[PDB]
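Residue numbers (this note's numbering), protein chains in the order written: chain B, 1 to 291; chain F, 1 to 290. Where a beta carbon is used, it is the ideal one built from N, C-alpha and C, also for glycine.
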Amino acid sequence: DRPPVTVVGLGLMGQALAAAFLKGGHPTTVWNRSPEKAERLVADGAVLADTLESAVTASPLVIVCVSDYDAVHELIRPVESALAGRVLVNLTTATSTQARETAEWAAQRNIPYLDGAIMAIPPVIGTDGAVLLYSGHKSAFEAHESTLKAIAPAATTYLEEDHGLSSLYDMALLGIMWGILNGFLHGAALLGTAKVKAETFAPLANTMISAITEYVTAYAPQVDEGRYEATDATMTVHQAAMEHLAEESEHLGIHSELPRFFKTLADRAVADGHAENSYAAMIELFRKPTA
Amino acid sequence: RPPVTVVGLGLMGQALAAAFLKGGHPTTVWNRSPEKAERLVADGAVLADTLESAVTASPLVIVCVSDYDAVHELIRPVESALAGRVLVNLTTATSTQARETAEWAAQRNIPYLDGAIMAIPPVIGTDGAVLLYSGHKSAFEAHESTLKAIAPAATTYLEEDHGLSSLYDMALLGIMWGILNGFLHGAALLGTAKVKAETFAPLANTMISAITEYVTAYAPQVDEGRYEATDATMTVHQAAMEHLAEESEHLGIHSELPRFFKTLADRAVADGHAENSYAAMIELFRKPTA
Ligand SMILES: NC(=O)c1ccc[n+]([C@@H]2O[C@H](COP(=O)([O-])OP(=O)(O)OC[C@H]3O[C@@H](n4cnc5c(N)ncnc54)[C@H](OP(=O)(O)O)[C@@H]3O)[C@@H](O)[C@H]2O)c1
Ligand SMILES: NC(=O)c1ccc[n+]([C@@H]2O[C@H](COP(=O)([O-])OP(=O)(O)OC[C@H]3O[C@@H](n4cnc5c(N)ncnc54)[C@H](OP(=O)(O)O)[C@@H]3O)[C@@H](O)[C@H]2O)c1
């Protein structure tokens, strides 16, 4: 006998969340501003609620995954009555501020609130590859751990009592994803000028990525210690190599803004006295506010 | 175990030499600054009195200095002694730089391999080291076995084009900076909540590992020119990018990086990619900065 769960929001991610709960035996009530997106889910045994109220009331565990916290707040305020005493899990993407302003709203209405981040794509939801970071009501998490493991069986991980923490890790991890995707796509656009297929490039990209994890492990203690001994490569060397990517790009008639920018960053680090330091020393520039 | 010469004893130079030494090769080393050979000589390398005596000592000359301007200042005064020896240039280079050095070497009948070291010094000699060579097929085939001392698992020959090693290097370095910036800017973010980078890292690396899946899946999309959004649309990426931008501005940390990222999604969407996967960004990355 698997407990009931409600999923509010049936985007690409919403749909995957619901499906995961359904497959894991939970009686799954779904609702979306656009009901058409429940069609395939209802066929597989989900109940499409007539209203968000009837959706919220159906289950003691409400999962919401919509665009942003403006959409969350438009959705949860009209149903604050029916929410009260139910555990609301907000897996929508958010700033720390947004997560914490929603935490304070929920506490005032005695709604136990977990602020979550989905570190996975929809097809990964339900698999060992999915990592979900939750932070907020410790008791509420402890109570529903087993139900929530339907979307992240290997990595249903609770951080701290701070609701804003899930958001901070999410923001930091997404920045790494775009770092990689931009690096690989800009890299494929480079190799493209030599009629090299991205499918050919990829396995090498991924071998390099795997090896770059070593650098991350090794730069971490350097950031924490504030000591940046260059055992691998100096800012000078990084800086010079960055000139090559910038020039290579300009010259091949491809995108040059990304690498030019990267170079602007090394230039600054070196001007702040980091010439002989490892790439870990870039932490100091990344702490400094912009225009 | 054939003799090998390493010209350049920087952090990378020293590691290259050490690898050859440990692998039994009689290793002659030379550097503009001879002090950097000290530890290598103690382990059995011969410090040549001059670059000429260094080049002459072995039929295989490996050079790893700052840039191709430094290579050309070093190799031109010894073009005589080089002739008929295989010169392997593992210095970082543009495709143009690699190819202008290839044409200089051919005129002086010097067999020329242009290489890229896709590894850090401590990862030279291990299975983790990948080295990409491109140029003289015969010269590579002849010295494969000696060169496997620096990259035993991934001593990889590309094509006869000398500039190709440079293109793969440039593309792979772009990914390194992508990740390092992402992780360091990410640690600066988590830092505002007094979270240690050492704590963040294992999660960073779990996410990175999982992002490799996206790369293998976006590759065929870029090559086929079809960007079906099975994971997430440009719209969704675009919105999420707003969050990092705002979060950063607000926490008093660096905001240029994520703001820029967003500028890219905005453009992709304006070029009609709203409903396409992040693979569609290839089209923006092909377009010059104009
Ligand atoms: N791979 C991924 O896609 C991925 C990864 C992890 C995290 N996330 C996060 O998951 C969330 C949803 O992503 P997704 O793929 O489901 O996005 P999506 O496909 O764009 O879906 C957005 C969902 O939110 C609803 N919504 C949007 N604005 C609304 C409003 N003002 N009021 C009420 N409902 C509103 C939409 O309702 P309609 O159907 O009526 O438009 C839809 O159900 C985002 O915060 C995203 O950052 C996504
Ligand atoms: N180390 C890495 O992590 C790594 C990884 C892959 C590729 N690389 C490539 O390796 C090269 C340098 O690596 P590195 O880290 O060992 O560099 P480095 O520590 O900066 O050493 C640079 C080398 O170049 C020599 N040099 C510089 N200018 C010279 C000149 N005008 N005349 C003669 N020699 C000159 C230096 O000799 P002196 O000591 O006399 O100055 C030194 O041996 C770059 O092309 C870089 O892209 C580095």
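Item                                                                                                                                                                                             : Value
Label residue 315 of chain B either buried or exposed according to how many other C-beta atoms from any shown protein chain fall within 10 Å of its C-beta, with 16 as the threshold for buried. : Absent from the structure is residue 315 of chain B, since the part of chain B shown begins at 1 and ends at 291.
Name the one or two DSSP bridge partners that F/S134 has.                                                                                                                                        : F/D114
Suppose you measure from the CA of F/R108 to the CA of F/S166; what does that come to, to the nearest Å?                                                                                         : 22 Å
For F/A210, which residues of its own chain have a beta-carbon under 8 Å away from its beta-carbon, when the five flanking residues on both sides are left out?                                  : none
Does the distance from the CB of B/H163 to the CB of B/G136 come in under 7 Å?                                                                                                                   : yes
Which term fits F/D114, buried or exposed, when burial requires 16 or more other beta carbons within 10 angstroms of its beta carbon?                                                            : buried
Output the distance between the C-alpha atoms of F/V88 and F/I179, rounded to the nearest integer angstrom.                                                                                      : 29 Å
Quick check on F/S145: buried or exposed, where buried means 16 or more other Cβ atoms within 10 Å of its Cβ?                                                                                    : exposed
Are the C-beta atoms of B/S256 and some chain F residue less than 7 Å apart?                                                                                                                     : yes
Quick check: does the Cβ of F/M12 come within less than 6 Å of any heavy atom belonging to ligand 2?                                                                                             : yes
List, in chain order, every chain F residue whose beta-carbon is nearer than 8 Å to that of B/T102.                                                                                              : None at all; the shortest Cβ gap to chain F is about 14 Å.
Are the C-beta of F/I179 and some C-beta of chain B separated by less than 7 Å?                                                                                                                  : yes
Looking at C-alpha atoms only, which residue of F/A93, F/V86, F/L203, F/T289 is the closest neighbour of F/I110?                                                                                 : F/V86
Do three or more CB pairs link the segment 40-55 of chain B to the segment 270-279 of chain F at distances below 8 Å?                                                                            : no
Taking all protein chains shown into account, do 16 or more other C-beta atoms lie within 10 angstroms of the C-beta of B/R287, making it buried, or fewer, making it exposed?                   : buried
Which whole-angstrom value is the C-beta distance of F/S95 and B/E248, which I expect to be below 8 Å?                                                                                           : 6 Å
On the DSSP bridge assignment, give the partners of F/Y157 in chain order.                                                                                                                       : F/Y133
With respect to the alpha helix (DSSP H) encompassing B/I176, which residues constitute its N-terminal and C-terminal limits?                                                                    : 165-192
Using 10 angstroms around the beta-carbon of B/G85, count the other beta-carbons present and answer buried if the total reaches 16, otherwise exposed.                                           : exposed
Ligand 1 heavy atoms versus the CB of B/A71: any closer than 6 Å?                                                                                                                                : yes
Does the beta carbon of B/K197 sit closer than 7 Å to a beta carbon anywhere in chain F?                                                                                                         : yes
Between F/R286 and chain B, is any beta-carbon pair separated by less than 7 Å?                                                                                                                  : yes
Anything in the segment 224-253 of chain B with a Cβ closer than 9 Å to a Cβ of chain F? List those residues in chain order, please.                                                             : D224, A230, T231, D232, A233, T234, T236, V237, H238, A240, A241, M242, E243, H244, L245, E247, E248, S249, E250, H251, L252, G253
Counting only Cβ pairs nearer than 7 Å, list the residues of chain F close to B/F261.                                                                                                            : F260
Please classify F/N276: does DSSP put it in a helix, a strand, or coil?                                                                                                                          : strand
So that I know if they touch, is there some Cβ in chain B lying closer than 7 Å to that of F/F140?                                                                                               : no
Which bits of chain F does B/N206 rub up against, with CB to CB less than 7 Å?                                                                                                                   : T212, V215, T216
Report all residues from its chain with a CB closer than 7 Å to the CB of B/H144; omit the five preceding and five following residues, and keep chain order.                                     : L61, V87
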